[PDB]
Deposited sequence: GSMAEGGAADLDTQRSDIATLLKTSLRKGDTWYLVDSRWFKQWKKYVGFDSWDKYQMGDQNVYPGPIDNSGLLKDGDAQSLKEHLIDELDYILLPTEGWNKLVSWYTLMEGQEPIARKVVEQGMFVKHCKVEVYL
C-alpha cells in the first residue's frame, strides 16, 4: 500500500528539487493530475484543508491531457511548468507505486541533454 500522506508530500517535495544532470531520466507528469495530488497530500500550506479527503483523491496517474488520441504519442507545443511538471526516476517510481499509472498509458520518460539556447539578457551598455 501507499506511504502515509506526510511522507508522500515530503519525499516528493525533496525530489522535485533534484538537479538536472546529463543522461539522467526524468518523467512528465500532467500539471492537472499533480495539482490534484497536491490538494490530497496538503502540499501547500494555503490549500491543505482537504488533505486526506477522498473527494480530492487524484486516482491513477493520468497524462491524457499530454497525449493526442488514437499508439501513445505526445501532443505538440507542450510547455514545461504550464502543461506538465517533471520528476526524476525515484519520484516517478514512488508516485506509480502509490497511485498506479492509468490503464492503457505508458510512462513518458525523457533524457536530460545539454542544449544550446538563445536567450535575451539585460546588460549595461558601457561601449557604444
{"property": "Where the deposited sequence has no C-alpha coordinates (positions from 1, in order)", "result": "1-6, 77"}
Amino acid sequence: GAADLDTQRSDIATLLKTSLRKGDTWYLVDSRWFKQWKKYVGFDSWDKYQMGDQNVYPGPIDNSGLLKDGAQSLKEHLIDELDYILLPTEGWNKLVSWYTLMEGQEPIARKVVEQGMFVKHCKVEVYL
From here on, numbers count along this sequence of modelled residues.
| item | value |
| --- | --- |
| Per the entry, higher mean C-alpha B factor between 109-117 and 9-17 | 109-117 |
| Segment of higher mean CA temperature factor, 44-52 or 96-104 | 96-104 |
| Chain third (lowest, middle, highest) by recorded CA B-factor, residue given as residue 64 | highest |
| Third of the chain's Cα B-factor distribution that residue 128 belongs to, per the entry | highest |
| B-factor third for the C-alpha atom of residue 86 within its chain | lowest |
